[PDB]
There are 2 protein chains.
Amino acid sequence: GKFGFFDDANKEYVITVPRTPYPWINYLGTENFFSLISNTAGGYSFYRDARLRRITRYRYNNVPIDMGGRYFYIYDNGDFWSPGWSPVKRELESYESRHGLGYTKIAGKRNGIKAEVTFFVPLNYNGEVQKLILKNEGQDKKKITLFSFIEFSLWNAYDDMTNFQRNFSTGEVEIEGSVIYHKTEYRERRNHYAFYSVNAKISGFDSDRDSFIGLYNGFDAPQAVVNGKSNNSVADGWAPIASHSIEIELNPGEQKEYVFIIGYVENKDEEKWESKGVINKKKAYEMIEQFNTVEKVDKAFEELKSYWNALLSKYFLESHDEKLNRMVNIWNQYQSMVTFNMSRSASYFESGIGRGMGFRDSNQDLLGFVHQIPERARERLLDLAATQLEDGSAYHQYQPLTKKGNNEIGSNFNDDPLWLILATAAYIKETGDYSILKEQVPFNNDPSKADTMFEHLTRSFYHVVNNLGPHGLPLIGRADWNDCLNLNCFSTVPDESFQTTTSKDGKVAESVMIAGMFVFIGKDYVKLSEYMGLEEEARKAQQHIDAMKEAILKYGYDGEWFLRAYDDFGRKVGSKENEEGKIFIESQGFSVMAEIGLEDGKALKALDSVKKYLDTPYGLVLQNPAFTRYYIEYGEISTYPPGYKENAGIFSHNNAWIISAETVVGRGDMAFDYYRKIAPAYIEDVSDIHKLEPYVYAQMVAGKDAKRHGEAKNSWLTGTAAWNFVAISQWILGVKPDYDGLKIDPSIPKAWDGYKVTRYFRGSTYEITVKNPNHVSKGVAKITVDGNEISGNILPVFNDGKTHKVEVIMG
Amino acid sequence: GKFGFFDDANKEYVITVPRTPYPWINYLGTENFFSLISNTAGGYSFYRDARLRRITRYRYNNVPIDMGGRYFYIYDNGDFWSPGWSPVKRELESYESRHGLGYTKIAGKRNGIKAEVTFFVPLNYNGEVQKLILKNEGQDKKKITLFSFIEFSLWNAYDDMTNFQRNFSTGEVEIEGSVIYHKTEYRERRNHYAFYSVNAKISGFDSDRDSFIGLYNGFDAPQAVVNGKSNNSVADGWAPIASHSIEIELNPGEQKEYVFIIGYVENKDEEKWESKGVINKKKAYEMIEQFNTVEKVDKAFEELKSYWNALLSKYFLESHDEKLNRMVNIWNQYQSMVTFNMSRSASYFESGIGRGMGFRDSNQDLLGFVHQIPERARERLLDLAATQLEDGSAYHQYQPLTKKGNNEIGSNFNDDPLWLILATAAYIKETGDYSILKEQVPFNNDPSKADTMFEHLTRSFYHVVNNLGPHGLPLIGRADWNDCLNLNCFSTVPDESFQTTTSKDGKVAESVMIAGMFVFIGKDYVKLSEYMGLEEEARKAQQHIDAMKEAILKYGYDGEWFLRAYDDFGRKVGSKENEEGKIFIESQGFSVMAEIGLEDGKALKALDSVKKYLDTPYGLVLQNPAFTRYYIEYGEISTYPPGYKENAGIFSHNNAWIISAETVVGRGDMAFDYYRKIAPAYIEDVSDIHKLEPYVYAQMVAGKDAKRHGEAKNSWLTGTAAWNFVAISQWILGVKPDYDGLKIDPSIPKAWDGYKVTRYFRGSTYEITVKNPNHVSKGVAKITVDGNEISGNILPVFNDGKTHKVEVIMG
């Protein structure tokens, strides 16, 4: 089942039918103004905050789905339709949608009239620009009417959808020329407003929803569009909208162009009013003048294309697999950048009312986008470290808008501090900029408590050391990376949070996953300690790492796989002795990546067990068997039906760790098979089963215990893109940043003959051609740089702005 | 503009067209199970808590409006329609709706097939019963299919509408026989579930929304109904629904009857499962068996009718005005009882996410419903007093479910304590039960700090005494009765509450309206103090009352009307020297009711000024002139556009106080004109302007400064019903409870010849016939009880369960 195809030359996904299994969306905007747009032009826009600065209204889980957005109505002699096929849903002669990099194109034809709309947010612009082209492809002269419609939001989304008893009397608009300004609460405390404008003379307008649509009518047939005439209504409370109407006369073969702008303006309090009750429109006038011709719009479109091309140019792959090429070169990096820009705020599954993203998620995304925006990565790392508490713990939720931690949610997720060390090590390996270690960083956003970045890393490292359990393993606390494994909750009451409610003291339950992560990250911590000249501190850290490794080998191995945890009773979690959940996935990847059990066959046994018990054609499930009842001692994980979410669902986020672990043991075929089972481009042929966007990763896919096995949920906003890109580009393809430079260590399927990677690293360009004449999976026989043989597998650092040819021969 | 009529014999409002200016709703349920149902069968149900126990999903501010509810689809040979005309919106041969007392009837006919559905909640039943009658009124044999449909909610409205990450993977149902059980999260921590059942064999079912309706289809054309066949889908996450389908063959003149039940079941934790994964259904079986025949449904319907008739029988009026009779005998008392049952939880303007009602709101509602349910009023008074703090202050928000105050919202609304004294005095005057004063009542819900009820009243009285301002007037605090008059806020940043954020110490701003309330209620406080044998305390209280009266006369009168307040700068609010807001309405009614200025003409001057400046054909506005800009020193009141809400809107709640004040000065014509301008039955002829329900009061009507002058907002849930009933039944008609018994003191229009009131008072029935041979407005010339002339205007108390004839001659 296919609903479109990939256009690699244009870097687009082309949707050919409007009835996709689910509405497939795209993101517009780079810095402050952001838009979500579906393939039928549904969605909404906001300014830096989907919770507090929502511009347009969107209804989630609506009947019918995805109703509301930038709606264009073509009215022709009684008939009317929409180029996106929605909301009118009248059959079109042709329909097409294209999701590109920061822009969306929607084309529709009916009765010989074709409408093409391009939506995008220009760089350094607080608005969404929509270029509309109307073409008469018939043989007769035509007289039509064009309607443009958006529905405004009342800024505060929660108040917009709950507080009608006040906000039904606050909606205010202004209409001037071809611009409709939304200025609700501008009269009292808001210095900002929105506007909807078109660059042509209009025949009519509408600003009241009830007048344009009708109380008992839907979006599919507004009364004004049915009548073919605007009502010129002025909104007074209730629901403000913005609708233009233009009467257009088209000769056969003639076309017309229009530019619509959804803009946001912030005024200063001293220049708020042109006169009494009249808002100041100078900034809006400048914004409208900026894009009043098609040529300016095209120039901005080319600038956005160049910006996005520059963002993706630092890692380029040339191989025999076009699906792999399109994943690595375009869509994975695009998703990583979009995730950085959007955090976890708004999607079609995130309602946009959240207050921030996870601290560990913010640290993990950096691993994915560090090679594209190193300076912003450095700034984000410093901002994340500034929120750390004095004891080394971290706030669970980070708020990028205010750069502060969430005090209500709290702390005591005992895996959070190590992600900061991992992200800092990744940044240093990418850039070589050790100076970030000497930066003075406040603790808990307090300048008086400021210390170095390395002090933050040291406190993060020793938070685990000072919080060990009876077996010598780290105390899990409220939760580890798995937020649904709550071993201290013991909840019996509904509406009680599994993550912030604890009934146990948290002094017994341990985590093997945190132990593996500690061993994996302590290597980087010891290296950074050695760089700073602290040899004794490095020795003590190594001693603690060795102790944790011995603890894992003694109490963390079940016999054929690594144990998952210990509960508050001291009982094993993830053991063959358990009735359900005999094996988990989280404790195998980090244990093998930490090189535990490599010489005695324990890692190989664990990976074989993972293959035997967790493998499905759609990926690897979280644990097996699934929990068939509620377990009070485990928390939220057992509250799901089997095969869904953390109850034996498929998270490709932790599939990436298994991929890396398979590369560690030298099995590149298994690693690539696991990568292929979850990569979007390889599953586009089963889109109807996947049901979600075939060009980006989703958070969860229903597992083998579910009836909807293979169906995805929570797409477009997850840390999966970063980890999967790291696994494919560094662990399988073997181009790994390292403290001394670029390391080459591929772990590939042995049937491959070779490939090429062009990598921008530390101010230079490396063109690395990997060849596999003897058809091995791992091991480098020879490396030649600029025609000269080198020693080892670390490429020299040039920093000269040139291109250097590297030849790698496996063997 | 009329959209229906009144049926006084059946105590109903009959809506004859489905397209009312707004959806008009009714409430079902008395104790625990509650339902909101519109005239097209839209709405939803819940169990005691619209926030935490919502059973069915409803979307507010939807396009089209009022989509979702108990939807019945009649499918006939390809055609399909709905008896409520919604959501199909196909033209019907006939449509009718009837809103009664606790029940709603909807009848619709198409193609010779008639469907009549009665919705009601039986007494002592945790479910909504819908009786459906299908009649073939054509001349041909017919074969049709009947579809039922409801959409389930996931028990938590906020989580249901914001948390999709989770909730899209939790929906679970069971299907057994003709019953569909909704059991989301029953497997982990919920001991309750819902069900939808029909008392006949079904031909098919549907429980998944995407299978019954389709992803891109709306409620107006579900795909299963379009195909005329059920899909037998089993819900697995996403959106659970419930739908039966029955194939029915009807001969000409033949009719069939069905009973549908939306039920709620709570199981014990020890008895939750019939077997592994199978819920226990014994309670559901008993509930379904209770109403499996039409005869049982009819018996329960008659029982509900008898219950509602008994509730309304304690005050009966016989006059020449049928509109007045219908307002007083049926609809005002019905609204008072519904307001008591529902608090301020759920309406079509209240989203149902609130956590309680106002403390003063409950105290004021008690004045309205005390004569119908004295014992429940006593219990509510004790519960309200139990939340009072030790210093005499009260929590602003009361939560009737937990009987606790809202700590987050807080206190410092300095008018709240006096309402408790007023409500207690009203209860004692109604019942004569002084024993409530001797009850031991906790302070702040602490049994260790318990004292008498009279101690609570004393602390409430002395909270005002100990919080006076520089002029001797009470300090307003956060706000008085007007919650939008915030004189200590001075807010500049948006999204921060005007009511809970204060930038001022609150030691300057005073309130004249609180002073008037204090003088008005101190009379009852002094009477209660005299009853308890505390003469010195009564004398001290009288001294404080006299001091407040002198303070009002010296600093509270502007020259022709009473001042409103003083701000933090010490400047007059509601003064002729102000540019806007020269006069307010709140400070006149309570000042005149407190009998201030009766002898020097100040009260008459104030009432004449109110008539001159605040009077509109749709009622009296709050203040004049309206505020045309934001005033940082006044708070939220100036944040509204002119003529809306507290910015010069019409609140009939405070119109009732002006009505009572007009009765005080002996002008019954003005009082009745003011009452008529706002009474629903008198405005039913301008329904299109009113736009809201013509049978219940609304909170706000747009004032003369608004373009929508005469349009209502926030209907069905307000304290207006209680105060307006008190004003009409006690102040105008003159039947007033008092400490020694029933007092007769009418204040009526001079043209009236007389009337009759049958009043149930203190265990007896009084049949009072008032005659006005000399055509006066106020003053009683003679009172005769059982043929014997009495002295004074207080009727003797019999308490013998008999009827006594009273003749009142005015003069």
Side-chain angles (χ1 to χ4, degrees), chain A residues 414-415 417-418 421-422 460-477 479-482 485 487-488 504-526 538-579 581-610 612-614 623-624 633-634 654 657-658 660-661 664-665:
Chain A
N414 287 355
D415 72 304
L418 303 183
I421 306 168
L422 187 68
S460 285
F461 181 85
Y462 276 92
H463 192 268
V464 174
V465 169
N466 292 327
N467 290 280
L468 296 188
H471 294 107
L473 306 169
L475 294 170
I476 184 152
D480 58 348
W481 181 90
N482 193 341
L485 191 63
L487 307 186
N488 293 290
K504 307 299 164 108
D505 58 356
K507 304 280 152 251
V508 182
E510 288 160 295
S511 180
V512 184
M513 197 225 59
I514 301 180
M517 195 197 321
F518 177 80
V519 173
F520 177 68
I521 279 150
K523 217 202 206 55
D524 293 323
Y525 177 74
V526 165
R539 277 193 263 271
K540 308 176 195 127
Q542 191 57 58
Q543 249 165 288
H544 286 126
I545 292 153
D546 294 338
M548 194 69 72
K549 170 150 183 191
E550 275 327 286
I552 292 164
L553 279 172
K554 181 160 245 284
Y555 305 106
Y557 199 69
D558 191 60
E560 266 152 338
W561 55 82
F562 293 91
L563 288 157
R564 179 56 175 92
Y566 285 91
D567 55 12
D568 195 57
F569 296 108
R571 306 188 193 134
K572 295 175 176 134
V573 184
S575 183
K576 64 185 177 321
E577 304 155 12
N578 297 138
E579 177 226 346
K582 292 175 180 283
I583 171 176
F584 287 70
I585 197 185
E586 305 111 308
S587 46
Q588 332 289 333
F590 267 110
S591 273
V592 178
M593 279 153 63
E595 316 212 296
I596 293 149
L598 256 48
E599 265 53 72
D600 47 23
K602 291 204 211 306
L604 212 67
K605 260 188 225 210
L607 289 177
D608 285 343
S609 292
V610 164
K612 168 144 151 213
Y613 294 117
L614 305 167
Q623 99 280 336
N624 184 68
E633 70 266 30
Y634 292 161
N654 56 54
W657 298 330
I658 299 294
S660 313
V664 164
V665 292

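Heavy-atom basis, side chains included; hydrogens, waters and symmetry copies ignored. In what follows, every chain begins at residue 1, and chains take the letters A, B, ... in the order their sequences are listed.
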Okay, side chain of A:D524, backbone of A:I521: is any donor-acceptor separation there less than 3.5 Å? no
Non-hydrogen atoms of A:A551 and A:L473 that approach each other most closely: CB-CD2, 3.9 Å
Separation between OH of A:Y557 and CG of A:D600, rounded to the nearest 0.5 Å: 7.5 Å
Does A:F562 reach the side chain of A:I596, with side-chain heavy atoms less than 4.5 Å apart? yes
Is there a side-chain contact between A:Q588 and A:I583 in this structure, where contact means two heavy atoms from C-beta onward sitting under 4.5 Å apart? yes
Given 3.5 Å as the limit, does a donor-acceptor pair link the side chain of A:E560 with the main chain of A:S609, or not? no
Within 45 degrees of the axis of the six-membered ring of A:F569 and under 6.0 Å from its centre: does A:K504 put its NZ or CZ there? yes
A:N414 side chain reached by A:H463 side chain, heavy atoms, under 4.5 Å: yes
Contact between A:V592 and A:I658 at the side-chain level, heavy atoms closer than 4.5 Å - yes or no? no
For A:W481 and A:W657, take the angle between the two ring planes, folded into 0 to 90°, and tell me which bin it lands in: parallel under 30, tilted 30 to 60, perpendicular over 60. perpendicular
Would you indicate whether the side-chain heavy atoms of A:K523 and A:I545 approach each other to under 4.5 Å? no
Using the rule side-chain contact (heavy atoms from CB on, under 4.5 Å), only one of A:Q542, A:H544, A:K540 pairs with A:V526; which is it? A:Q542
What closest approach, in Å, do A:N578 and A:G581 show between heavy atoms, and which atom pair accounts for it? OD1-O, 4.2 Å
So how far is it from A:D568 CG to A:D505 CG, rounded to the nearest 0.5 Å? 6.5 Å
What's the spacing between A:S587 OG and A:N654 CG if we round to 0.5 Å? 10.5 Å
Cationic N near anionic O, under 4.0 Å, A:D480 to A:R564: yes
Between A:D558 and the options A:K572, A:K602, A:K582, A:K576, the salt bridge (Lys or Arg N to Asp or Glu O under 4.0 Å) test singles out A:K576
Heavy atoms only: give me the nearest A:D567-A:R571 pair and the separation to one decimal. OD1-N, 2.5 Å
Where do A:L598 and A:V664 come nearest, in terms of heavy atoms and distance? CD2-CG1, 4.1 Å
Just one of A:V573, A:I476, A:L487 clears the side-chain contact (heavy atoms from CB on, under 4.5 Å) bar with A:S511, so which one? A:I476
I'd like to check A:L468 versus A:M548 (side-chain heavy atoms, cut-off strictly below 4.5 Å). Are they in contact? yes
Between A:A661 and A:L607, which heavy-atom pair has the shortest distance, and what is it? O-CD1, 3.8 Å
Treating A:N467 as the side-chain partner and A:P474 as the backbone partner, does any N or O pair qualify as donor plus acceptor under 3.5 Å? no
For the residue pair A:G516 and A:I552, what are the closest heavy atoms and their distance? N-CD1, 3.9 Å
Roughly how far apart are A:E586 CD and A:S591 OG, rounded to 0.5 Å? 11.5 Å
How many angstroms lie between CZ in A:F520 and CD in A:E595, if you round to the nearest 0.5 Å? 9.0 Å
Distance check, rounded to the nearest 0.5 Å: A:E510 atom CD versus A:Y555 atom OH? 10.0 Å
Testing A:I421, A:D415, A:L418 for side-chain contact (heavy atoms from CB on, under 4.5 Å) with A:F518, which one passes? A:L418
